[PDB]
Amino acid sequence: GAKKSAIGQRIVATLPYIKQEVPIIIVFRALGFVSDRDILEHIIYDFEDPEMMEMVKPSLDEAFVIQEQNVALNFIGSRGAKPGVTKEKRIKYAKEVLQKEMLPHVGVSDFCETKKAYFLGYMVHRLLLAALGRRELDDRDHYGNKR
Amino acid sequence: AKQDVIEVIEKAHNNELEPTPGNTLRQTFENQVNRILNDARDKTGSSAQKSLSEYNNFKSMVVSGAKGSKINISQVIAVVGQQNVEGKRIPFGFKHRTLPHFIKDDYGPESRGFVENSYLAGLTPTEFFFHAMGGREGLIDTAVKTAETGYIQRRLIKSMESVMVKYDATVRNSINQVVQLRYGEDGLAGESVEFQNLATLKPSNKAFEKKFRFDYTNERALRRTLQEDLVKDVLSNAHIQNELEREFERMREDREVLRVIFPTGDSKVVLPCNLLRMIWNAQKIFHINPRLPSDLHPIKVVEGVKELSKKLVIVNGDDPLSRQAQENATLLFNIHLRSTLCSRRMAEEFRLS
Amino acid sequence: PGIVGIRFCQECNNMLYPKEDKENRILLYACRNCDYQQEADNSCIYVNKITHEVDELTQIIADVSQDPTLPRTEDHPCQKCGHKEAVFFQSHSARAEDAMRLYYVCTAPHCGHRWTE
Amino acid sequence: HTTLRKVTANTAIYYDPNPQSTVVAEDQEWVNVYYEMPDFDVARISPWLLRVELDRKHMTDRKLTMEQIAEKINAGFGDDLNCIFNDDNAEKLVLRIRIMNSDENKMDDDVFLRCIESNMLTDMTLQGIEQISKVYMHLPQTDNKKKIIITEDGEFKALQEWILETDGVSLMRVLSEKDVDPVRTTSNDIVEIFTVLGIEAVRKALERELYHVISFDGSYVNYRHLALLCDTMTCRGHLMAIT
Amino acid sequence: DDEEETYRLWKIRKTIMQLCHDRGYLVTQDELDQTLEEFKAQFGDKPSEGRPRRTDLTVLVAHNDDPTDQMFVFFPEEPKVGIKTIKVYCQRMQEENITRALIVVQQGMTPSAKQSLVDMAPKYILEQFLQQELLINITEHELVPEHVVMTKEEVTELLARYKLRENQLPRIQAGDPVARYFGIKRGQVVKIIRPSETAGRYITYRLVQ
Amino acid sequence: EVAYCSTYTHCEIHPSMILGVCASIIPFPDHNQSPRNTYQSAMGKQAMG
Amino acid sequence: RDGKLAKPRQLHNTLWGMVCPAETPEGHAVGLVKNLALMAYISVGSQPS
Ligand SMILES: [Zn+2]
Ligand SMILES: [Zn+2]
């Protein structure tokens, strides 16, 4: 297509208790990082490597239209299990999603929005290494992955 | 062998290994190491099969095909050889090494699963594990394939179940729709046929005219292979000589048809009756002496096959549509039956009375 | 040519975007959320290496010299300090095209020199 | 099938205010050579430059000419695109590209110029036939693939001749091309034999495939039973799956 | 280039002259075998800015039994054809009194034209051939057995010998590349003569439905 | 004298402890074709005793 | 058990010493059920306080 060809590869997260996919940079702004320098500071630990930089760039242009935290939570809450009648019912709903059902092993309570920021940026960081090919795809049967 | 694998491995570290066209450098390396190791286990196998005494019992069960194969003797005495998983040499389950014992990026024969011990001397610990990895692939296949081969066996039957050879001998499915005009296109049940050679196909043009021609010019060779009454009979009659040139014309016409039907000159065909055996059976029952001159008239060989070929009826009819459809059904059999019963072969090779 | 790289605005710290000055014909970078503009020094924008001949000596970490599971030879001495131990390994990289080339990492503390033969 | 990405070394988009600027060091030589007598620039020259590199290995491997690529790019996209190239003398083989001259006479440019690249690298189709991934060349040692001729002596003489074997199939165009043998060319895929050569060719090409999987093991199943299965399938007039 | 497009116009013309010969239309032995240079002499090399324009390549061949029947092979110059273009051709068939004719399309027919061909069954029949489907004669492939279209006299005598209804034969659909080749219409029966490795020859009959 | 590895960081107690309970009853299991230690694992659980 | 995919069934290098290579059921359950090696000790867990 005309758009698919120009953009390149876009990254998306599929969250628990959300009907369909959500773009990634929307998920970092939902966690309280407004600027793209802070968002890309959690995902890419060294800015002198442009190869990663070019990988993320098309995922900023898809999230370019929502620049604000409370706009972003509303972007998520629209897709929840049921759409909230009132807006602030959705923002209250999406924030309860990021607090509890989002990566609960990091933390469940309040200021964990920072603790969830690095590690969630680390999923997005390690998904790049397998896209660039600097690491091996994990093995489904490797018996160290089993409990 | 394990020293020739270290050179191929050392050549690839320094990049000196040049890829075979159509092959990744990983594909050309995984091939050259398999070309060496196969020759190893193919050599040590044949070096073990030379050593077996005439009294060996393995050699007794292998030579008569009763049980076991020549490759089971190799693995007992000599080497078990490379162990494969999914058609490839043992993979890397850990990061860049096969088992905790080996060093990362060891492509040598031992690290990647070549077992250099024979079941008799016993496998070393790791070779025991890799040998177990190559055997699991055998157990799994046998569990998986049976359920697929049984779901296909059921589909082939339900689709064909009602096709049957009707009394017209036309094969027709359950609706009366025609699958075939005659069964198998020759109209012959498959249990009574055998393999045979055509023998008119695939000699040279110069030798063909030597074997089937029946030269009557010699007057000497004929005294040799034929009784005194008959050679004086064959030389005199211009008509008899005319009929024998006609028969050889029909062998060339058939030799041109065979080369159309059988390109690549494969002469092995499946036909209803064995001619070389029955000509061979009628030598023994009647006590024919092939050193002696035969009494069999060379015409009554010709007039007897023509009168035979009319009595072999696949398709019954007087119509010009029925005649043409028999000449096709019996085509390749009458061609074969005029090769072996030829008037010359009866005079020379067989000497039938 | 260069593999280029990102630039960030100095106010809202967003991604600057390249754009063309039509009057002066000079490449500019402009954040889209403010009026901040900056002149392009590099003059290249989008660069893509398809043949992607890649230098692994940049990715290799000097800490690799502490792994027991890697082989080492005293055949190849260190190029810098002339140390005999060198712990060598292959690409260890997916999408490496075809490379069995060994990369060498010098042992002994803090040298970390990394060469290829 | 050779896409332009097969022969491409690297790609970069540059901003040139005027061509004689040549922000790159080397291009300035032959850039001026073409602009000593510049043609079809009458409208204006778009500033946005697309400069691609071509590996001489893959270029000489497929016997490709810079003039040939220049034609296909200019022909594929038309006059909306201008293309300029080196002589072989250049050790670094370069192909310059710019937006339409008369376009100066939405989509922006650098965006629209990157949209051209990602369309070219995949879609150019320099050579060959799309859907044909690879083609292997070898001399067959099996008497089935060996051309076998009746000599002047009537003997069978098996000849060795090079044959190609493709990964992926489009049968109708492969047959049509010159020097390719119309008669003996064949694919294993049935449906593309059905749609091209008819239902009779499927009746035969199916019993040639079934006879290959059954007799590959060395096993032997009579020809009568192969020919009935291929008769039941194709006697309805079209391919009848067993399903 | 124009050497390829001159070579393509050499196959298409040659392969069609084999259709007309195999359907029983009178075709001179010289027109069947043409060396490219002899073809390049008659129709002159490069089509583009050249004497062959893709028109005047038209072929008029008369049937062997009836000199009146004939047929045309039309080459449209357009990449795609449309009802306004065919209506030009059909107006020409009306002009010269024939019925049957062929059309060799470069790329494809507009979906509105395909039905327009069917729109006239009795008066005029027309057949769509893509420019590729004629680039090679499929009759000469090894997989395809010899096909022979059968007269009505022979189909009656056939179905009486085996005592078959018409619908108990195997079928070959009218959309089959070897049905188009021989210009076969629903209800005709074809005779497949193919060599076999058991019988040595075999004759299959396909109905066309 | 030819150093495969000088770094060994752990030694295994015995190599034959890689085998389970039902495959530990087989004498000389390394001398058998590999499916034959798997079948005994199946028939060692069915033995009357 | 139904699935014909052979990747979960095959014996994997990570099973050295912690799972018996030979012992395994047959039939549809091949390789999906696995005995434990002798020395192998599954860890009961703890708190990372
Ligand atoms: Zn800004
Ligand atoms: Zn050093």
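Residue numbers (UniProt numbering), protein chains in the order written: chain A, 372 to 518; chain B, 709 to 1061; chain C, 9 to 125; chain D, 1163 to 1267, 1278 to 1415; chain E, 2 to 210; chain F, 812 to 860; chain G, 617 to 665.
Think of the CB as a built atom: it goes at the ideal place given N, C-alpha and C, for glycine as much as any other residue.
Note to self: In whole angstroms, give me the CA-to-CA distance for A/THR385 and A/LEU474.
What the structure shows: 12 Å
Margin query: So within the stretch 751 to 836 of chain B, which uninterrupted alpha helix (DSSP H) runs reach at least 4 residues, ignoring any that extend past its ends?
Written below: 765 to 771 and 778 to 781
Next item on the list: Using a Cβ cut-off of 8 Å (strictly closer), state whether D/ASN1291 contacts chain A.
Entry: yes
Next item on the list: Report the neighbours of C/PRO79 on chain B: residues whose CB is nearer than 8 Å to its CB, in chain order.
Entry: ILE811, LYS812, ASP813 and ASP814
Next item on the list: Can you grab the Cα-Cα spacing for the pair E/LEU136 / E/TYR8, in whole Å?
Entry: 10 Å
Note to self: Report the start-end ranges of each alpha helix (DSSP H) in the stretch 915 to 948 of chain B that is 4 residues or longer and not cut off at the edges.
What the structure shows: For the stretch 915 to 948 of chain B, whole alpha helix (DSSP H) runs of length 4 or above, ordered along the chain, are 929 to 933 and 936 to 944.
Check: What does E/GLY45 touch in chain B if you count any residue whose Cβ is under 7 Å from its own?
Finding: Those do not exist, as E/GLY45 stays about 41 Å from chain B at its closest Cβ, beyond 7 Å.
Check: Looking only at its own chain, which residues have a Cβ that is under 6 Å from the Cβ of E/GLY109, when we skip the five neighbours before and after it?
Finding: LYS81
Margin query: Cutting at 6 Å between CB atoms, please list the residues of its own chain near C/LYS92, excluding the five before and the five after it.
Written below: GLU82 and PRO85
Next item on the list: Check the C-beta distance from D/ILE1231 over to D/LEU1285 and give it rounded, since I have them as a contact under 8 Å.
Entry: About 18 Å separates the two Cβ atoms, so there is no contact after all.
Checklist line | Interface residues of the stretch 44 to 71 of chain C facing chain A [CB-CB below 7 Å] | finding: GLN67
Check: Does the beta-carbon of G/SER662 have 16 or more other beta-carbons within 10 angstroms, so that it is buried, or is it exposed?
Finding: exposed
Note to self: Could you give the first and the last residue of the continuous alpha helix (DSSP H) run that contains D/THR1367?
What the structure shows: 1363 to 1369
Check: According to a CB-to-CB cut-off of less than 7 Å, which residues of the stretch 1233 to 1260 of chain D neighbour chain C?
Finding: none
Note to self: Is any non-hydrogen atom of ligand 2 found closer than 7 Å to the C-beta of C/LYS92, if you look at the structure I gave you?
What the structure shows: Not so, every heavy atom of ligand 2 lies at least 7 Å from the Cβ.
Notebook entry, point to check: Can you tell which of B/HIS1044, B/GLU936 and B/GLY843 has the C-alpha that lies nearest to the C-alpha of G/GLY647?
Noted result: Selected option, being the one with the closest Cα: B/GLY843.
Notebook entry, point to check: Any idea which residues DSSP pairs E/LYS192 with across the strands?
Noted result: E/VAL149 and E/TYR206
Check: Does the beta-carbon of A/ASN445 have 16 or more other beta-carbons within 10 angstroms, so that it is buried, or is it exposed?
Finding: buried
Next item on the list: Examine chain B for any beta-carbon lying closer than 8 Å to the beta-carbon of E/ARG187, and answer yes or no.
Entry: no
Next item on the list: Return the chain-ordered list of same chain residues with a C-beta closer than 8 Å to the C-beta of E/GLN174, the five sequence neighbours on each side being excluded.
Entry: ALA180, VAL209 and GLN210
Notebook entry, point to check: Considering only C-alpha positions, which residue in the set B/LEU966, B/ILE714, B/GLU718 and B/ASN722 is nearest to C/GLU125?
Noted result: B/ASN722
Next item on the list: With hydrogens ignored, establish whether the beta-carbon of F/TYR819 is closer than 7 Å to any heavy atom of ligand 1.
Entry: no
Note to self: Quick check: is the beta carbon of C/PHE16 nearer than 8 Å to any beta carbon in chain B?
What the structure shows: Chain B, which has no Cβ nearer than 8 Å to the Cβ of C/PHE16, makes this no.
Notebook entry, point to check: Among residues of its own chain, excluding the 5 on either side of D/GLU1333, which ones have a beta-carbon nearer than 6 Å to its beta-carbon?
Noted result: If we look at D/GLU1333 and ignore the five residues flanking it on each side, its Cβ neighbours are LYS1319.
Checklist line | Terminal residues of the beta strand (DSSP E) in which E/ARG54 lies | finding: No beta strand (DSSP E) contains E/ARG54, which DSSP labels as neither H nor E.
Checklist line | Reduced DSSP category for E/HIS64 - H, G, I as helix; E, B as strand; rest coil | finding: strand
Check: So is the beta-carbon of G/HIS628 under 7 Å away from any non-hydrogen atom of ligand 2?
Finding: no
Notebook entry, point to check: Taking Cβ-Cβ distances below 7 Å as the criterion, which residues of the stretch 621 to 653 of chain G are in contact with chain B?
Noted result: Within the stretch 621 to 653 of chain G, those residues whose Cβ lies closer than 7 Å to any Cβ of chain B are, in chain order, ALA622, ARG625, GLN626, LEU627, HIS628, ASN629, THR630, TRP632, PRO637, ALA638, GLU642, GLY643, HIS644, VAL646 and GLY647.
Notebook entry, point to check: Could you give the distance in angstroms between the alpha-carbon of A/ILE396 and the alpha-carbon of C/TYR54?
Noted result: 22 Å
Check: Under three-state DSSP, which class holds D/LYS1278?
Finding: coil
Notebook entry, point to check: Based on the DSSP secondary-structure assignment, which residues constitute the bridge partners of D/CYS1245?
Noted result: D/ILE1259
Margin query: 8 Å is my cut-off, CB to CB: does B/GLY1025 come that close to chain E?
Written below: yes
Next item on the list: Measure the alpha-carbon distance for D/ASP1223 versus D/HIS1163 and round it to whole angstroms.
Entry: D/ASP1223 and D/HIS1163: Cα-Cα distance of roughly 14 Å.
Next item on the list: With DSSP collapsed to three states, give me the class of E/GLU134.
Entry: coil
Checklist line | 8 Å Cβ shell around residue 1139 of chain B - same chain, five flanking residues per side excluded | finding: The structure shown does not extend to residue 1139 of chain B, since chain B is modelled only from 709 through 1061, so no value can be given for it.
Item checked: the stretch 22 to 41 of chain E contacting the stretch 156 to 170 of chain E, beta-carbon criterion three pairs below 8 Å -> These segments do not touch.
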